[PDB]
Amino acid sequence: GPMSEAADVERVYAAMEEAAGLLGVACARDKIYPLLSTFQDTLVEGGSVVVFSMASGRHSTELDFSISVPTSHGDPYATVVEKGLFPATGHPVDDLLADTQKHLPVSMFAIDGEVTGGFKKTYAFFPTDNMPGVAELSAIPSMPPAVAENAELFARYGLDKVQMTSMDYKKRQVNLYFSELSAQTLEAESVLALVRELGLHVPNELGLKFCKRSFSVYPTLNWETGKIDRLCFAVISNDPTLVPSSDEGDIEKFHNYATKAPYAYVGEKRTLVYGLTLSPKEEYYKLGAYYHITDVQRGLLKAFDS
C-alpha cells in the first residue's frame, strides 16, 4: 500500500546516495526527490530498469540515475516541463520525444538525471523485433538534419538498426543507439576508419578489443552541424574488470564501483554496462551499474557476455 510504495522510493534514493558515495559525490535531495516522486509509479511497478552511472576524467564527480517509464504513463518530458522540474529549451529537442512517438512504435521511455544538476535526458526505446533504421528516423521532422546527413556514412559502416534514442535537453544533442551489430562493423579496421573519418580520438588496441565486444554503438549528434560530437561503444557484462584503460587509477576505481554499487536483485551478479567514449580531443570511460534489471538485460548478458 501507500507505506510500502513510499518506502520503495526512499530505498531507491538511499541506493543512489550509496552509489554517489563510492565516488565521493554528495547528493542534493531537494533536486532528486521531486523527480523520483514524480515517477514513483514506475519505481514500484516491478518491471523497473534503474541504472546508476559514473564516468572517468572531467566527468568523475557526477552520478547519473536512469529510470524506465512505461509509455502508458505518457511522454515524461512533457511531465517534467509541466511540473516545473525542467525549463523548456525552446529548441527542436523539446519536440523530439513526442515527435518520435508520433512517427514510430515506441515500446518504453526512460529518464535520466544527475545527482547535482537534476533532470537532463529522455530515452525512446523501440521494440526489439521492430527497430527503425536511419531512414525512418529521418522522417521525424524534429530529428537533427545531421541524422540524414550522416546516412551514407552510417550505411557504409553497417550502422543500421536503432534500438533506442536519447535526447539531452541541456546540450541539445541526440544519441542513436545502434544494435544488431555485425562482426565486420566492429573489427579493428572498420572501427579505426570510422573514428578517423569522424575526426575522433583514435583508440589503442585495448580500446579496439573493447570495441569488438560491443553490443551497442552510439554516436551523438546535434542540430547545429552534421559533425558527430562523439562516439560511444557499450559492453554489457557481469565481469567487473573490463574498463578499457591501462591507467591503474581507472582500473581500481571502476572495479571498486563494479563490485560495490547497490542493486536489488541480490542472488544474481550485478549487471554492468561499460562505455568507451571517443570525442575529437579525448577518450573517457563510463560504467552504469544496474540497480534494477529485467529480462532484457539478462538476455543481453546471455547473448553478449557468454
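A residue's number is simply how far along the shown sequence it sits, counting from 1. Take the two forms, find the largest set of C-alpha atoms that superpose within 1.5 Å, and that set is the rigid core.
S.K.: Figure out for me whether 5-13 or 282-290 is the more displaced stretch in 4 other deposited structures of this protein, taking RMS C-alpha distance from the shown form once the rigid core is superposed.
M.R.: After superposing on the rigid core, the more displaced stretch in 4 other deposited structures of this protein is 5-13.
S.K.: For the higher mean C-alpha B factor in the entry, choose 207-215 or 182-190.
M.R.: According to the PDB entry, the answer is 182-190.
S.K.: Report the stretch with the higher mean CA temperature factor, choosing between 258-266 and 40-48 on the basis of the entry.
M.R.: If you average the C-alpha B-factors of 258-266 and of 40-48, the larger mean comes out for 40-48.
S.K.: Can you tell me which of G133, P92, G84, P76 has the maximum CA B-factor listed in the PDB entry?
M.R.: Max CA B-factor in the entry, restricted to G133, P92, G84, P76: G84.
S.K.: Can you tell me which of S60, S53, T277, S237 has the highest Cα temperature factor in the record?
M.R.: Largest recorded C-alpha B-factor: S60.
S.K.: Ranked by Cα temperature factor within the chain, is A28 in the lowest third, the middle third or the highest third?
M.R.: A28: CA B-factor falls in the highest third of its chain.
S.K.: Relative to the other modelled residues of the same chain, rank the CA B-factor of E149 and answer lowest, middle or highest third.
M.R.: Its C-alpha B-factor belongs to the highest third of this chain's values.
S.K.: Within this chain's modelled residues, let me know which third the CA B factor of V69 belongs to: lowest, middle or highest.
M.R.: For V69, whose C-alpha B-factor we compare with every modelled residue in the chain, the answer is the lowest third.
S.K.: Going by the CA temperature factor in the PDB record, which third of the chain does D229 belong to: lowest, middle or highest?
M.R.: Tercile = middle for this residue's CA B-factor.
S.K.: Is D129 in the lowest, middle or highest third of its chain when residues are ranked by C-alpha B-factor?
M.R.: It belongs to the highest third of the chain when residues are ordered by C-alpha B-factor.
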